[PDB]
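The structure under discussion appears below in the form of structure tokens.
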Amino acid sequence: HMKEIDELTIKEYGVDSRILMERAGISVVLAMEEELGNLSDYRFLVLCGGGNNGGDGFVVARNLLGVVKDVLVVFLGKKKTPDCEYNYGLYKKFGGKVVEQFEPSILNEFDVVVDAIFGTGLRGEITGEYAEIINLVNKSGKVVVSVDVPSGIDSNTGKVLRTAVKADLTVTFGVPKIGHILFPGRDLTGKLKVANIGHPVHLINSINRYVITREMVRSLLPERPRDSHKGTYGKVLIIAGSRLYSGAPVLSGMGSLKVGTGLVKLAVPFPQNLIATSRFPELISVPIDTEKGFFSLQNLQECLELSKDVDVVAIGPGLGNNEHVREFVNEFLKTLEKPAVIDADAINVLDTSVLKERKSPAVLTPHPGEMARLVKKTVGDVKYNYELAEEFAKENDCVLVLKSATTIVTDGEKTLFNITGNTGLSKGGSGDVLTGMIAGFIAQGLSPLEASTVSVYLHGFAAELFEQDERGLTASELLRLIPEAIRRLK
Amino acid sequence: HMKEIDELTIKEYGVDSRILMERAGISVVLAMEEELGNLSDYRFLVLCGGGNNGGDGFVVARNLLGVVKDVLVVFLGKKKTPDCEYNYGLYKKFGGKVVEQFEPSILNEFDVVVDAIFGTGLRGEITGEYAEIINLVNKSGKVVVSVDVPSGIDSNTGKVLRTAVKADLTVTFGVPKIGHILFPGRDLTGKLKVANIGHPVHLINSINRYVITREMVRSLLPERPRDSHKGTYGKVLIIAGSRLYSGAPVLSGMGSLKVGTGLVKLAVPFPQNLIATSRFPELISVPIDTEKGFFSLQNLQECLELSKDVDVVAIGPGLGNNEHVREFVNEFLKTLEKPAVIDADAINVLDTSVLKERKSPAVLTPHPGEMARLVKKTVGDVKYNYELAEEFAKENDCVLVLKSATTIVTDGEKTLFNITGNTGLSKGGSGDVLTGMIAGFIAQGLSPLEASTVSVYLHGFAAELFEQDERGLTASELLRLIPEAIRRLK
Amino acid sequence: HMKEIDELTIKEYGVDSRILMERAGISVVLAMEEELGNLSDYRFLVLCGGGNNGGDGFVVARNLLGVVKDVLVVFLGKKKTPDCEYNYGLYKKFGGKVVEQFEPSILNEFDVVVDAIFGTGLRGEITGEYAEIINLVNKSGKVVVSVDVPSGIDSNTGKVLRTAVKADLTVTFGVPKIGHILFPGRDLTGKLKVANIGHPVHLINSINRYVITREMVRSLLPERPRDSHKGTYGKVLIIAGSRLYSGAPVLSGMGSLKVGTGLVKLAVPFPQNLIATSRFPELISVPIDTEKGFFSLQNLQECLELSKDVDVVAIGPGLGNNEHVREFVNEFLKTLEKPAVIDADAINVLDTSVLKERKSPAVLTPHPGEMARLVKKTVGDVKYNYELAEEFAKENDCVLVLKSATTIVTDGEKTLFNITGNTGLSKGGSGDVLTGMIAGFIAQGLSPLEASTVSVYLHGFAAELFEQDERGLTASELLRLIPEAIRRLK
Amino acid sequence: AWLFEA
Amino acid sequence: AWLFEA
Amino acid sequence: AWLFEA
Amino acid sequence: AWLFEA
Ligand SMILES: [K+]
Ligand SMILES: [K+]
Ligand SMILES: [K+]
Ligand SMILES: [Mg+2]
Ligand SMILES: [Mg+2]
Ligand SMILES: [Mg+2]
């Protein structure tokens, strides 16, 4: 945590805590200027708690004195920490006004509310008068700037502790916190600026959880040497589809092709295999003869033979979920000595004992409902639960890609968060594309974790490049947008 | 001085000196980013003295660590003040490299030199190894950023103390110092940024010497009410010219007209008076009958009658300097009960006893040669000598406008510095225009000091609006440019 | 001469003469491509003499073979020098066609004539069949490219040796020759390109005669330090005008002011002095009391007093030419211990013995009629006679500026040629402006030669900036254009 | 303008 | 970028 | 094009 | 400029 980074910076590096606090508060002023333009016509109401968050607020208020139209601090705490006390003293010595009672009508006389009530030191549900003030601020229609984290968000989880400030702009220090990255906190944060307030760069970099960035993805993209052939860019087998679900194979296959894979083969029950090549004749779509339209143990041997000539196998989209599919999937994965990308119905039938026995790598790509069924918990217990994702990945020796508006990618040691995308991906087919992308990057030589990092980012970013309203985005359009997302990274 | 502003801010307001020092150094980083763009490709050499200037330099260096290509500090002092010592310690704790010997070839390995050797604490001529280092830096062709003031400029006078750093960018704190404003220091400062580092606004405003700004001049410009007539905008008499110097009256008269004066009358020896109206027929140019082409006591009575119907009288441009002119000028000014603008040859013959006896106001507009003769000192002793200008103004109850590339305007209590203009004003005629402008603004209701402040600014700014090379600017073109300077203020 | 530069490059530096000849001919091809665009649609007729010029032509012809529509060489010489012979042999080995008889109708079948008949080895009037061929080429309306110099121009003088080729494009080697620079040759040269064909740079720079270039003038322009005053930029006295010629003083005075001079004073017979300040009130125009409207010995003492307070004196424009003016001018210049710029009627009455006795410098600015009268020769003998200008300058210890469409500036050791300007300067008043410009630059610290170099260039370049047809340019407009010429240099 | 005057 | 990441 | 093909 | 002055 940053709490540890702050401590080391003070205690071992010797930076006075007052210096960190001064830099935090001025960062806020500068961030506000960048967003609002010239500050001199605005009236500011600064809401300060008794903690260091409030101390940062007193620095903000003091630095606006004499330079803006009006500043008032409402001090809502009981006691003040030493740095909040020093800053409160400075604010008054500089001629600043403080009141200790919040009058509902006070909001009327101000244009900008600076929320410095609670930061990362929030413990427990917000109730009582703190809650009424926060509710009044949220109904007020004023511009809200939150110091560090919107008051009421738990900065380790992104949960709302009964009530929380909804900010237009949040200015945080050193690094983004998990509560800015996961929802609902991500929503309540609004526009986030991360300010450098003087921590050693080595400490800021010792953080083990990361937001996936454009620069990270650009540096991970495989090379395309000019003297290459399709074998240079790998081969994917996708085991997918059924008489019920004939579209999934096509979306996965093209997902691998659009990210630059050399060769993609689908194994799909006949005659549903013919659907793929009618749409995209660049795909190889092998007919699998099945008894009743679903994979079963009768197809195990043919699928293992098909897998010998490829670099990676993706399995699960549209397979259906019955006992014969369960038998096939688990026996297949137990025997397959290739990296596996495991999605959708292959997750629903997965025996997790099988993952532990595999010598070869795997990536699992569940949404929360699938993760919930996989570990036998409720959706609410697994959703955005990055520590559970980490334990699972570590215990099962896999990469886990837990899908949601913020996607978590972890191998148990490193955890990345993806924030690209929009609600046009909340539609059948989206996931099938991502499965193909991941398999494809693995085929091109990226590690399972690297492949997953690059794929979640580009999948979300392609969605944002859709030119019309996001709710009309479909998987087919997403596929079209992938090479543009790639070009825009570079 | 800012030294006093710093002291009060620490001792009475309670701001830790370390906080001021941190804000100073970060201001420098941000100013450099604004000028250089992204800092991450540059290598920085930071030259730190043992004083607080050097301490600011250690803050700069520390804040570049891990974020730019390379940083090295050469520490050139002997001992360190407490804040320089604290900062030096921080720079090393953060992993920064310091060396204490300056190797001439070291300049080769860096792109930007940060000059934090001496600030406002400079005492005496720079010699020895400090001088060699400064001379090496000046020959190096690198980008030079000076902290507070370029090392070697006396911050109270703008003089070079034997040798001084020539900066591309100077970042100073709180307010500009006199040494940034007066030459040579103004030249060596290069581009100046003034950073707010947290002093109370009340202290920053208790400064009694000021740079004349666009906003100040805009707020001083007289109103032009729609229901007005020429009498609304005042009347000027200009007593000027001689058989030798027939152009000066014309330039002064039009200077009053271009700034918005309602009526302008010249009193000029016949037939030289006819020169004015041949060029600008809007002028009234009264013929004065003289014995030999110069004003004398024989014209005293006519000039006093002419002055009864005006608001202000300007006297001196092109009068010539002989005994009869001296008699006339001094007897005239002794008797004239109107504001007087006194320039050129009227200064050269002025008896300063006369100024003390006048009940009415005066403004004097000498260049340094004229000021030197007026107080019987050398040009070198009076040039940029704002304290002597102040004493003179105070002792003689006048406004003194001491002309030079930076013009000083003072009434003895308030002193303003003008920095608009260019070398196209270093040419016969320029001064005659300014005399007219000042008279004109007085006629329109500005105080002598206000009139002088507005006129020096607009005169310099008109010169900068000349569209071709400044060396070809002439007074006639300057006159043409005045209404454009006025429009651009608004 | 380049003939010597060629010899040294072969004999001492060891460059094979064939290499120089190859580089010359390819330079021609490349220059033609730059002017005509792609060469492949054009048919080329190459006219080769038996000398090295013709050898260069055979190189051109050979290098067009197989790459353009058609090439034919007409070889017009009798014998071939060794390099022309080697190249003729190469042209034939490569399959090229040569004929030795020029048929008038042959011009019909070609688009471009390459004139490689005579170069710098031309001796004597061109007659006979060489003349008929050159006359046929000039009547043909084809594009003509001359190798080195248009055949028939004397490359040391620019004279036409009975008849000469009129070229659209001339490609010369190493340095421009005098015959490209002086008329008529300059006219017949058309567009000139100077190719580097491999001479050591040291030899190319050992040339003592130079074309005045933009880069040369930019490097000579005086500095305008910000902390300056009018005294920084010098003072000029102009002694000029008469009852007959009242405009000349005004044009000279403003010529000094437009080039950046600090102060300009005219001494002009009363009341003609008042003309100057009615037009430009920035000028000081001192009335000189004369008996009959012309300077005479009676004004000697006043003019010497006026000259004590200036840096340079210009004399002559509009003085008139009678015996009393002659007495005054010669006695004045004999006594004046300041640099003198001597023009117009001061030249017409000058006793050249006086120039030899002066300890102080002078610049003389005659047109050819004035130079002719000064040395007692015909206009035809002095016009473009740079060797006579050099001898005169050297014998009389002065700088001579011999005005014409190409102006020659020499002090006897260094000779510069000016090629800026147009026929709008062929009008009364032009010369009076240039006199002022020269005086002005001297006043600002340039040597007489430097002042003359910069002034002739900027005077011509200002003329070219006139926005309407050049024949309507007048001196007053020229003055307006000077500061724009200055800005465009930079 | 909060940080710098130009 | 010295002060803020976006 | 006389000197160089691209 | 290596080959030609204009
Ligand atoms: K907060
Ligand atoms: K410094
Ligand atoms: K030729
Ligand atoms: Mg799915
Ligand atoms: Mg003056
Ligand atoms: Mg002439």
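Protein chains in written order, with the deposited numbering: chain A, 0 to 489; chain B, 0 to 489; chain C, 0 to 489; chain D, 3 to 8; chain E, 3 to 8; chain F, 3 to 8; chain G, 3 to 8.
Note that beta-carbon positions come from the ideal geometry of N, C-alpha and C, so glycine has one too.
Beta-carbon proximity list for residue i, same chain, < 8 Å, skipping 5 on both sides
{"i": "residue 216 of chain B", "result": "452, 453, 456, 457 and 488"}
{"i": "residue 269 of chain C", "result": "286, 287, 288 and 289"}
{"i": "residue 228 of chain A", "result": "261"}
Among the options, nearest to residue i - alpha-carbon criterion
{"i": "residue 472 of chain C", "options": "C/425, C/84, C/139 and C/292", "result": "C/425"}
{"i": "residue 373 of chain B", "options": "B/24, B/158 and B/349", "result": "B/349"}
{"i": "residue 102 of chain C", "options": "C/190, C/74 and C/78", "result": "C/74"}
{"i": "residue 82 of chain C", "options": "C/107, C/110 and C/48", "result": "C/48"}
{"i": "residue 185 of chain B", "options": "B/442, B/406, B/34 and B/37", "result": "B/406"}
{"i": "residue 338 of chain A", "options": "A/418, A/444 and A/421", "result": "A/444"}
Contacts around residue i, its chain only, beta-carbon distance under 7 Å, and the 5 residues preceding and following it disregarded
{"i": "residue 125 of chain B", "result": "133, 151, 160, 161 and 162"}
Spatial neighbours of residue i in its chain, beta-carbon cut-off 6 Å, leaving aside the 5 residues before and after
{"i": "residue 171 of chain B", "result": "147 and 193"}
{"i": "residue 329 of chain A", "result": "350 and 353"}
{"i": "residue 448 of chain C", "result": "398 and 410"}
{"i": "residue 483 of chain C", "result": "464"}
{"i": "residue 1 of chain B", "result": "173"}
{"i": "residue 31 of chain B", "result": "144"}
Terminal residues of the beta strand (DSSP E) in which residue i lies
{"i": "residue 346 of chain B", "result": "Here residue 346 of chain B belongs to no beta strand (DSSP E); instead the alpha helix (DSSP H) covers 343 to 347."}
{"i": "residue 113 of chain C", "result": "111 to 115"}
{"i": "residue 37 of chain A", "result": "Residue 37 of chain A -> no beta strand (DSSP E), and no H or E assigned at all."}
{"i": "residue 399 of chain B", "result": "398 to 401"}
{"i": "residue 209 of chain A", "result": "208 to 210"}
Neighbouring residues, chain C, relative to residue i (Cβ below 9 Å)
{"i": "residue 3 of chain F", "result": "32, 37, 38, 39 and 66"}
Contacts of residue i in chain D (Cβ-Cβ under 9 Å)
{"i": "residue 26 of chain B", "result": "5 and 6"}
{"i": "residue 193 of chain B", "result": "6, 7 and 8"}
Beta-carbon neighbours of residue i, restricted to chain G and to distances below 7 Å
{"i": "residue 204 of chain C", "result": "Near residue 204 of chain C there are no residues of chain G at all, since even the closest Cβ is about 13 Å away, more than 7 Å."}
Bounding residues of the alpha helix (DSSP H) (the contiguous stretch that carries residue i)
{"i": "residue 190 of chain A", "result": "It is not in any alpha helix (DSSP H) - residue 190 of chain A instead sits in the beta strand (DSSP E) that spans 190 to 194."}
{"i": "residue 447 of chain C", "result": "447 to 463"}
{"i": "residue 91 of chain A", "result": "81 to 92"}
{"i": "residue 388 of chain C", "result": "385 to 395"}
{"i": "residue 354 of chain B", "result": "351 to 356"}
{"i": "residue 367 of chain A", "result": "367 to 374"}
Within chain D, the residues that residue i reaches when beta carbons sit closer than 7 Å
{"i": "residue 29 of chain B", "result": "5"}
Listed by chain order, chain B residues near residue i by CB distance under 7 Å
{"i": "residue 217 of chain A", "result": "The premise fails here: residue 217 of chain A is roughly 16 Å from chain B at the closest Cβ pair, so nothing lies under 7 Å."}
{"i": "residue 286 of chain C", "result": "242"}
Under 8 Å from the C-beta of residue i: neighbouring residues of chain C
{"i": "residue 467 of chain B", "result": "482, 483, 485 and 486"}
Amino acids of chain B, ordered along the chain, whose beta-carbon sits closer than 9 Å to that of residue i
{"i": "residue 232 of chain C", "result": "422, 425, 426 and 470"}
Within chain A, the residues that residue i reaches when beta carbons sit closer than 9 Å
{"i": "residue 92 of chain B", "result": "11, 12, 13, 14 and 199"}
Self-check item: Beta carbon shell of ligand 4 at less than 5 Å from a heavy atom
Solution: That gives A/343 and A/430.
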